[PDB]
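Trainee: One structure is given below, represented as structure tokens, and several questions about it will come after.
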Amino acid sequence: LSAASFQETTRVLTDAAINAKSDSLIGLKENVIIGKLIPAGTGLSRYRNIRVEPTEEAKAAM
Amino acid sequence: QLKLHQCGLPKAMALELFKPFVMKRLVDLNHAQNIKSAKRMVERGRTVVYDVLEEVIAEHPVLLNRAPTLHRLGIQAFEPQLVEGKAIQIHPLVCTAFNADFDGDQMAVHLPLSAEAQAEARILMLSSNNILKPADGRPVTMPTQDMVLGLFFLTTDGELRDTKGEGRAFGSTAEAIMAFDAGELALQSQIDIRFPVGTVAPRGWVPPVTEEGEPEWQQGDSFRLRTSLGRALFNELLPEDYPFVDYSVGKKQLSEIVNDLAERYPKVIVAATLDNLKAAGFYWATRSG
Amino acid sequence: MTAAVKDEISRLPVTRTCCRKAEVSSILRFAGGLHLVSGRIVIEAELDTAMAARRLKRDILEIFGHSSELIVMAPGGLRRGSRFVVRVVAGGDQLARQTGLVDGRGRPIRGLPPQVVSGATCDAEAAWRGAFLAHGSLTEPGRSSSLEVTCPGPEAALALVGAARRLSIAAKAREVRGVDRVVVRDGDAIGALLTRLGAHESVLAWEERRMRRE
Amino acid sequence: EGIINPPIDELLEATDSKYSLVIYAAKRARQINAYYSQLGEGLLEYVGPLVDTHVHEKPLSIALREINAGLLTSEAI
Amino acid sequence: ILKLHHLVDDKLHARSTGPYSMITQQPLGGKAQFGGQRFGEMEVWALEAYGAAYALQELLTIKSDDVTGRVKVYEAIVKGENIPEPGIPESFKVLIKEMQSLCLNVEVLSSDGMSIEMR
Amino acid sequence: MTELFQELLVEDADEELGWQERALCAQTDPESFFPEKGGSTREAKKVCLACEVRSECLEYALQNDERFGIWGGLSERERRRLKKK
Amino acid sequence: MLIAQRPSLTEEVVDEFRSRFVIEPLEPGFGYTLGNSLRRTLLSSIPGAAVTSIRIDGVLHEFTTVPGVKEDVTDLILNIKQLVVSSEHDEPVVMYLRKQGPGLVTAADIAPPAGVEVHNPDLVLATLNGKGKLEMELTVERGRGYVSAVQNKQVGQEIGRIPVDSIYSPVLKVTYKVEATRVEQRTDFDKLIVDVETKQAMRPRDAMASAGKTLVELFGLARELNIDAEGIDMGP
Amino acid sequence: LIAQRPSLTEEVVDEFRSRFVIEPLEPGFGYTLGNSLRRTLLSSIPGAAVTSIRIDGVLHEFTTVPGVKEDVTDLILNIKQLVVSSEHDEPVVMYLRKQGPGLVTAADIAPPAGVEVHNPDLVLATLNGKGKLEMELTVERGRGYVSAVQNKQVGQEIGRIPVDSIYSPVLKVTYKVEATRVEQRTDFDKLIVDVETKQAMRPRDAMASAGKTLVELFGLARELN
Amino acid sequence: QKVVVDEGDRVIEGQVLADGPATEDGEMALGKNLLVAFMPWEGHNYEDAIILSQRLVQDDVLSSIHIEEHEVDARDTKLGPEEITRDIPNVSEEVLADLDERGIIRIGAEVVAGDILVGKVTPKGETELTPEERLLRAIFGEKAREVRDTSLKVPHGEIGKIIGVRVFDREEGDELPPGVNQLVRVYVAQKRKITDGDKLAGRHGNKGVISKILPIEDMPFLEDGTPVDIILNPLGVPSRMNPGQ
Amino acid sequence: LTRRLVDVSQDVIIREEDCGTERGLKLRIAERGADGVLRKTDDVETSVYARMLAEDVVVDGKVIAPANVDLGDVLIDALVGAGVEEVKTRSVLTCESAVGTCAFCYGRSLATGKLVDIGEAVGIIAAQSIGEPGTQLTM
Ligand code: SF4
Ligand SMILES: [Mg+2]
Ligand SMILES: [Zn+2]
């Protein structure tokens, strides 16, 4: 996908069709193309898997 | 007049971008009965619509951009405020980042919507957090023209200048300013000024005044320094803890000082100091001659 | 007699925005008025309850976005009844136009605002609650409470009767000596109405009092 | 006052980096907005705000204020 | 001093919603219409360098191509609630159809190897 | 008292859809204007008596010829006899 | 005509002797019309009293050093300058400083005559060591504003009389700025902020009142040309 | 210590130009007073000016009338220079009627009782042998500059043409601070303010109005107690 | 075009009788002579910006008249021909107040964004309506006219007077294209004064956008009290190597 | 040129805190002068600043600079004073991280003056920084 979107689309596509290559969507360009979160910055799974709750003291106060 | 984290939008553009928010808000305050009447009122441009717009627009960052975007400092988030006219107002300091001139350039404005987009535009991309350049680490948000000139005229030696005074001793900077108002003192003449306890002595400052049985502290001791009124006024712009500068400030020295400030101080203090330097530079560049 | 009832009603928490708007409009219409002085319109609302004035001021500030003064000097002059008066001078015209008292760039609306009418049952009962807080009484002189609340002009009274009808609660408008009110006489309707308004302890006390005496 | 406050350094003292702070503040802001939207219903879900607010204040500002004050916690699931 | 024919009256334009194109459903371009400003490659690179993923995702999906997401975003804004999650842009589907018309057997898989069928 | 100097001089709407907006009954229980069962037709008649667009309401009702409710301060058979006269 | 929006003045107090006044909402312009005039009249149009010259015993006009005193002559003069005094006699009046022995010589040891007062006796003047003696004469008189050291009036009058700069004005520092204030109606209306810092004797409010009185008199001077002339009326 | 107080005296250069000498002021104080007076004079002196016109056979500004040498847009610029003075609070109307060849000089305007036109030698238009000018002018009161979109009323007819209004009787103001060293044993100043008005009022009245405007602000300053 | 000659003057061959768009007495005149001072002023002329005076707005020193033309045509369709008429289906008469008897706006009438210049109606034919709209129609008893409105409206952000209207009718011998039955053109003119954001320049390649317009009383003034009309930045002269200015 | 540079090096992002590697580049500082006194090399602000030390430096049986430090100007001045010329720093060219690179080998982030974060996108920044000044180089 990235190679095709760079340049020489016809040659890249006809080379990938014969080999039956599979794209795993690990880069930035592919994720941008298909429209999901890029795997960098705030799009990583380290940061997005959390739980935000008030402290017991704060909830008790209000 | 803007701050380093502010921009000015024309009210037509602001009302067009923020149409749904304004409609919701003025249906919420009972200014309109439903969405249809609210949309009609917004489209026809009534009076209350702008009053509501000026409060829905608060604390909602907008991303400003100029093409070509050669590096990531070409997109930056600013807090918008309404202005009268049809042209966007931009802080003079950020121009070098955008490579923006005022000979007829144009810029584009985008509006984040979701909470994540606002958090990113407010924490990552804010304008007063991007002093340094990613290429080499030297500041780009720095006083460049008409401010370097003012700060150079303020802090420079009177080689061929008409230096009046040249031997007077003053008890404070206020007295020096009072003498300057009358035609008795020059901004570049050398005089002895006494400073209060708070000030920090210049780096170096090899002699703590020779004594016998009475020490001195690096801070909290009043000392007399022989300098010009211009340097005394320039040192009122820098933070309270910064050592006295006491030397002519071109553009290399200003870059060194700004880099030191960015390295050693928090971001709010650095932004405030940059605003102070900008204001003083313009003020003393007008009277530079 | 009614001080505890009005205290309980004032202390009742409220969440929905439309009901708060209806309550504010009702109280302003009944126990409020407008004055054109110094070329500007000022809204003055007189209440004789401790918490009700604070509640009205908070509602105005929250939903309508305005500031009030909350003076305690008695317009009556006795200063014993604690005749609280809440005032709105800044943006008074906007508040009057956006709360239903005046609409269409014309005369003040005699009845309740059209927004309050033809609304959900919650807004109808909120309007009745505001009307009771503003003016009203619970006499119980003889056999029935005579839960009478006075209104300015036949329009407000008959609008209150209509709102009460939507609650499946009987009511009757009446006029005497040039002043008109809405009253409900039978005990069952009184109890159901007071229960709907939100008061609980007063409702019980009235229930046991009526059952024991009758 | 405004976008400048609260200072970014004080916030970062309560988290690991900017990237985690963005998600943390955004999630709290979504919780506050969801609580406000369904306030008309009588519901027990979502909580806050835990600080004194204005008439109409953006939920993100309130979330950042609570984060700075230290009234929240973050776990990893 | 001369007065040039570059008046600001004819330079200012803004948009929140307007006409859309036919084949690909992105906002129309120009100023005679309402028109949308372009977000080219360089701006995408700048946002990627900043590390802003959610802002980029919303710019690329629920502002240009996500046909069913535009109306939902507008409704959410007007009713005052949370913005919904983005979908999948129409341009990707058009691209897949164009490649399939060339006798190329494209197919998007799940965590296991089963096609999603793209509706 | 609180007359606002007969609508005062502060107005920004400067727009009116029609004579519907000046209807007084809109500030009043709609149900009372359609007496069911036997009902009564005098209180709402009094309400209509003070309406400022009574003539317009009567004219529109007659032109469209509604045979229900009370319009322009008149009930069904008053309208019928006026139509027949 | 009519002003149509009456400006008002409000005060804020920072320290015991620092204030910040805000005047708003001023018409377009009118922020610089009465800003610089306010600053000038505050700084140099208010009477006061101050020291004019000294005569330290045993020291000529040479400022090499003061025997028996740790501080040099420049420090002594600067310390004397910070002294705040009040007086009533038009002619200059002389008072004597007679402190002696090792220790600390402060302003509380002066012996002012009748009609002259010192408003900060706790001020430090110098330090004495080695059983030295400090004999001084201080001449004080009245004036306005800041006047530099009056040079030698008569060369042969005496030997040791050192003249000094005189700061008569109670107000020490003044600054001002203007901003835009109005939001509801058309903007660009001016708001003026004036920051004032005086000395221990006078309060900023009195200085502002005196400045207002002086300017009112000065401009009534011009108004007297034709009293029946239409201006900008204000109402209340 | 100096007891002498300031004083103001007048000198007349010509009919509409005066020089006011104020002395003896404190040192460094003349420039501020001079500039304050200059700003007030150039800003807030009330007057009167034409705020609208309508011609018999004209619908808008971008057209020409038969028999005249100039467009309507080039006649609006000529009547914008009329120096009129009015005593009526409400708007007043004047009529201009001319027939036959010649010049429509400003003196041909026939004003009602109460208003006056002070430059009767201004040239508005030139008419040939088949042209007649019948025009109606409106005069109001105010101060400063009004941009002809404030002069647009709600019920404007198609034939009414609003016009820019310039209410300013003052023409040129300057000042000179002679450091005369007035002999008082010390340093002092001598301010000299030169005022020229545009033949609508006399400089004494302009100075009096400026002083009356300026005394009020410092009056609300002095009431701080 | 203005006139130069007088009613009695004698003209020789080639002499000038009337000027042009931007000529003054027969010679080119593209701008105005303004009193300029070179100095940096409070940062309002920072980096090529320009500070102007208010005297250039009072006296229309830099004002210009701009004109625009709008076109609309009525043609044939499947369901009969379109019509240019004043009877717009559902709009208040207040909107249809300045329109002429032919449905075309009247000369001399000012317009603002949203107003209709030509009233046009196109037939649409029978269509299915959603249940809610059907119930609304039943409540209000209105009837679909079978024709929708396609009038010509001024674009967004436009203003001005109406200078002229020109109408061609295919049945009046006019040579309209095939399929067009009627055509109409409307001319809208407006006078623009100089405002910030506008771009000025000189003859030596020194351009800049106006970023400030100060009052007359706070411009620098010479010894006799004459304010300066424009303030330029000196820093742009030496680095750009154009000492000609 | 910038398009090509961005494409070749887009998938280079930080994905670790430390790979534990001990390998590094030998970078020279303090070129010997003709006077016999060590003087800091001219091109050090863009060669050794903002870069960690792979192995600790030991002189006179001490620790002149501990391992894994930012290596600012103070440390360089101290090293030059102590009489040191070559230092074994850490660079991406010698990173053993199994996934991408790691923050320690990359070093400090020049845009914020702090250690690069675990989600940073360094390839795009490098491409943009290299390509931006290409409009000033005489063709
Ligand atoms: S006359 Fe018609 S509009 Fe008026 S109150 Fe009666 S029913 Fe309503
Ligand atoms: Mg340029
Ligand atoms: Zn590594």
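Protein chains in written order, with the entry's author numbering: chain A, 1204 to 1265; chain B, 435 to 723; chain C, 1 to 214; chain D, 9 to 85; chain E, 1032 to 1150; chain F, 1 to 85; chain G, 1 to 236; chain H, 2 to 226; chain I, 689 to 933; chain J, 868 to 1006.
Backbone N, C-alpha and C fix where the C-beta goes; we use that ideal spot for every residue, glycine too.
#1: Of all the CB atoms in chain D, is at least one closer than 7 Å to the CB of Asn-1113 (chain E)?
#2: Taking only beta-carbon atoms, is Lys-173 (chain G) less than 7 Å away from chain H?
#3: Would the beta-carbon of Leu-24 (chain F) be found less than 6 Å away from any heavy atom of ligand 1?
#4: Does the distance between the C-beta of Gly-72 (chain F) and the nearest non-hydrogen atom of ligand 5 fall short of 6 Å?
#5: Listed in chain order, which residues are found with a beta carbon closer than 6 Å to a heavy atom of ligand 2?
#6: Flag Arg-54 (chain F) as yes when its Cβ comes closer than 6 Å to any non-hydrogen atom of ligand 1, and as no otherwise.
#7: Using 6 Å as the cut-off, classify the Cβ of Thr-956 (chain J) as near or not near the heavy atoms of ligand 3, replying yes or no.
#8: So if DSSP puts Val-150 (chain G) in a beta bridge, which residue, or which two residues, is it bridged to?
#9: With a threshold of 7 Å between beta carbons, is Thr-1245 (chain A) in contact with chain E?
#10: Pick out the complete beta strand (DSSP E) segments inside the stretch 33 to 62 of chain C, 3 residues or longer, and give them in chain order.
#11: Counting only beta-carbon atoms, is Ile-557 (chain B) nearer than 7 Å to chain E?
#12: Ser-741 (chain I): buried (16+ other C-beta within 10 angstroms of its C-beta) or exposed?
#13: Could you tell me the alpha carbon to alpha carbon distance between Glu-905 (chain I) and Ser-44 (chain H), rounded to whole angstroms?
#14: Using beta carbons (cut-off 7 Å, strictly below), is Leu-1231 (chain A) in contact with chain E?
#15: Are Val-140 (chain H) and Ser-53 (chain H) closer than 7 Å when you measure CB to CB?
#16: What are the boundary residues of the beta strand (DSSP E) that includes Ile-54 (chain H)?
#17: Any contact between the stretch 185 to 203 of chain H and the stretch 11 to 23 of chain H? By contact I mean 3 or more CB pairs, one from each, below 8 Å.
#18: Beta strand (DSSP E) containing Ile-1236 (chain A): first to last residue?
#19: With 8 Å as the C-beta to C-beta threshold (strictly closer), list the residues of the stretch 29 to 50 of chain H near chain I in chain order.
#20: Using a Cβ-Cβ cut-off of 8 Å (strictly less than) and excluding sequence neighbours within five positions of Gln-1088 (chain E), which residues of its own chain qualify?
#21: Taking 6 Å as the cut-off, is the C-beta of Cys-57 (chain F) nearer than that to any heavy atom in ligand 1?
#22: I need the boundaries of the alpha helix (DSSP H) containing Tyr-1105 (chain E), first residue and last residue.
#23: Could you tell me the alpha carbon to alpha carbon distance between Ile-557 (chain B) and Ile-162 (chain H), rounded to whole angstroms?
#24: Relative to the alpha-carbon of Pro-102 (chain G), which residue among G:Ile-77, G:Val-69 and G:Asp-109 has its alpha-carbon at the smallest distance?
#25: Need the endpoints of the beta strand (DSSP E) that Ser-82 (chain D) sits in, please.
#26: Considering only residues of the same chain and omitting the five flanking positions on each side of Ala-797 (chain I), which have a CB-CB separation below 7 Å?
#27: Would you call the CB atoms of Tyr-1105 (chain E) and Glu-550 (chain B) closer than 7 Å?
#28: Helix, strand or coil, according to DSSP, for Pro-454 (chain B) in the structure here?
#29: Anyone know if the C-beta pair for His-505 (chain B) and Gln-995 (chain J) falls short of 7 Å?
#30: I'd like to confirm something about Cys-151 (chain C): is its beta-carbon nearer than 6 Å to some heavy atom of ligand 1, or not?
#31: By the criterion of Cβ-Cβ separation under 8 Å, what are the contact partners of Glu-987 (chain J) in chain E?
#32: Report yes if the C-beta distance between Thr-913 (chain J) and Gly-998 (chain J) is below 7 Å; otherwise report no.
#33: Looking only at DSSP bridge pairs, what is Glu-11 (chain H) linked to?
Mentor: This is what the structure holds:
#1: Yes, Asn-1113 (chain E) lies at the interface with chain D (some Cβ there is under 7 Å from its Cβ).
#2: So, not an interface residue.
#3: For ligand 1, a non-hydrogen atom lies closer than 6 Å to the CB of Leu-24 (chain F).
#4: Ligand 5 is not among the ligands present in this structure, which contains only ligand 1, ligand 2 and ligand 3.
#5: Here the list is B:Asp-535, B:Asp-537 and B:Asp-539.
#6: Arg-54 (chain F): yes, Cβ under 6 Å from ligand 1.
#7: For ligand 3, no non-hydrogen atom lies closer than 6 Å to the CB of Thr-956 (chain J).
#8: As computed with DSSP, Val-150 (chain G) is found in no beta bridge at all.
#9: Cβ-Cβ to chain E under 7 Å: yes for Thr-1245 (chain A).
#10: The stretch 33 to 62 of chain C contains these whole beta strand (DSSP E) runs: 40 to 47.
#11: For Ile-557 (chain B), not one C-beta of chain E is nearer than 7 Å to its own C-beta.
#12: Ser-741 (chain I) counts as buried, since no fewer than 16 other beta carbons sit within 10 angstroms of its beta carbon.
#13: Roughly 7 Å between the two C-alpha positions.
#14: By the rule that beta-carbons nearer than 7 Å mark a contact, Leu-1231 (chain A) touches chain E.
#15: Contact flag unset, no.
#16: Start and end: 48 to 56.
#17: Taking 8 Å as the limit for Cβ pairs, the verdict is that the stretch 11 to 23 of chain H does touch the stretch 185 to 203 of chain H.
#18: Counted as a single uninterrupted DSSP element, the stretch harbouring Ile-1236 (chain A) is not any beta strand (DSSP E) but the alpha helix (DSSP H) occupying residues 1231 to 1237.
#19: So the list reads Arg-39, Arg-40, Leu-43 and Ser-44, given in the order they occur along the chain.
#20: Around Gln-1088 (chain E), the same chain offers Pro-1117 as residues with beta carbons nearer than 8 Å, after the five sequence neighbours per side are excluded.
#21: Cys-57 (chain F) Cβ: within cutoff of ligand 1.
#22: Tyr-1105 (chain E): member of the alpha helix (DSSP H) spanning 1098 to 1110, first to last residue.
#23: Roughly 55 Å between the two C-alpha positions.
#24: Between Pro-102 (chain G) and the set G:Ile-77, G:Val-69 and G:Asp-109, the nearest pair of CA atoms involves G:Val-69.
#25: In the DSSP annotation of this structure, the continuous segment of the beta strand (DSSP E) that includes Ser-82 (chain D) starts and ends at 80 to 84.
#26: Here the set comprises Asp-786 and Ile-850.
#27: No.
#28: Reduced to three states, the DSSP call for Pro-454 (chain B) is helix.
#29: It is a contact, given that the beta carbons lie within the stated cut-off.
#30: Distances from the CB of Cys-151 (chain C) to the heavy atoms of ligand 1 are all 6 Å or more.
#31: By Cβ distance, chain E contributes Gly-1082.
#32: No.
#33: Under DSSP, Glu-11 (chain H) shares a beta bridge with H:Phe-21.
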